[PDB]
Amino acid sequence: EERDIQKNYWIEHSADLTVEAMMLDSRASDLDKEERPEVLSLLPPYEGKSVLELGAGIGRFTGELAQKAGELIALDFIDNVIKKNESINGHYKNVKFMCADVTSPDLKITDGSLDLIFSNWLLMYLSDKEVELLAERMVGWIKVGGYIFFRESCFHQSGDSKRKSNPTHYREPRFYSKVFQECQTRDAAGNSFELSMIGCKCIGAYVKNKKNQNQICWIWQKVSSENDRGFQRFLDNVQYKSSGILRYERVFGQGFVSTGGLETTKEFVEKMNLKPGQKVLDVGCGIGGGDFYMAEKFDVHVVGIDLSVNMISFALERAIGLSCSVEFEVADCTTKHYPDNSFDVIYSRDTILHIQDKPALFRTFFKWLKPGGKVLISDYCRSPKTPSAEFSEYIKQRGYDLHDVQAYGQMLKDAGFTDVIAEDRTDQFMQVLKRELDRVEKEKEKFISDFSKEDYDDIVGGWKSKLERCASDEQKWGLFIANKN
């Protein structure tokens, strides 16, 4: 049924075979004039390379692409439309034209043959499943080092034209970020590949003309993928499933997934003495609230990494249109490489409990920090006492690696850091837990409506259990600060 309703929409809106008919907007001409060159300027390098254009239409871009590309395939599922394209651009000897549906089980494209797959409005005309299947196909079609560009209306309809029916999917940007980042291929020799997100941004011509930032494009590059992705999947499927992230955010505060939300962030960031132009690495950046805060308040550049595809998908969505200097990447902090002496500050909030080999991580932090730089970490810890049975079960289910506060400080000293401060902030942690829990209980009706009774009970139960384990001299919270001399 999806194929029928989507094709019928394009049969109707292709009948006139004009740019205006495609644009579905009263200011089609001016939008085209301003946005066409912008899209072209955003494409990754493809001169002399092999390009596939999906949903080419009557050919707004096809002619331009043909002038640069070594080889071009222009594809559309409306035969009349691709015929019109060919009537105009067929004189380019390097262009092949196809009438095909990108979702077809019979569509044949040779794996590892393409340098760029380009579309501009396409995935919004596919079902969720169709997008997932096509994304995986696309990763196979491009060579390692090749690129994918796509652009969609997100959130809601952009154009002002009257439409009797409309099957378009207006998605949140995080859907596209997640689906493409989740793709994985493996060749017959056993080598694994995935995409790296090169850029994601809104189209300026539409911000200027339509006063909204819903026209969003993505650029991805196919790269070698050497790490097993099992732990990433555990994060995205269990503790940090999207609903888990959103319910945690409700408790902790907008933009945060850890202790105290903005309040603790303001307190800890102050200790950094951030100066304009400095560069901060945020290890475990989550949904980005602390990064936006540092960048906006202090005029620093923040490099944020997080292993969770869900987390980064949220962060990239929330970063759209912002003037502050932040970049986000899906990466494992235990395998990621940076040059020595890259960062003024390394910052991490309640993330390193997920890391099993902290000494190895801290030795890397020592290298990555500039001389004179600072490391600031908050993290879950334990008493030097042996954990109770209940505390041990919590630790096991979460997969946490917990140490006592003194020992954690010692690991920083052993990694080479100077003037290590290791503060037991468990009393503050308990005060924060109570405030967070009291707010949830007070706003119970709104919480259950937005989430569920189960979600509410999970959060209330989890916070009460933390209060108990903290009161009982078991679970701890530490703040650690040190310098590289």
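One rule holds for the numbers: they count along the sequence shown, beginning at 1.
Mean C-alpha B factor from the entry: is it higher for 13 to 21 or for 471 to 479? Higher mean C-alpha B-factor in the PDB entry: 13 to 21.
As stated in the PDB record, which stretch has the larger average Cα B-factor, 334 to 342 or 221 to 229? Stretch with the greater average CA B-factor: 221 to 229.
Going by the entry, which of 143, 178, 297, 108 has the most elevated CA B factor? Within the set 143, 178, 297, 108, 108 shows the top C-alpha B-factor.
Per the PDB entry, maximal CA B factor within 47, 53, 424, 436: That would be 47, according to the entry.
In terms of the chain's CA B-factor thirds, is residue 358 lowest, middle or highest? Lowest third, going by the recorded CA B-factors of the chain.
Report the third (lowest, middle or highest) to which the CA temperature factor of residue 326 belongs, ranking only the modelled residues of the same chain. It falls in the middle third of the chain.
Quick one: classify residue 234 as lowest, middle or highest third of the chain based on its Cα B-factor. For residue 234, the deposited C-alpha B-factor lands in the middle third.
Using the B-factor values recorded in the entry, state whether the Cα atom of residue 417 falls in the lowest, middle or highest third among the modelled residues of its chain. As the PDB entry reports it, the C-alpha B-factor of residue 417 lands in the middle third of its chain.
State the tercile, meaning the lowest, middle or highest third, of residue 265 with respect to the CA B-factors recorded for its chain. It falls in the bottom third of the chain.
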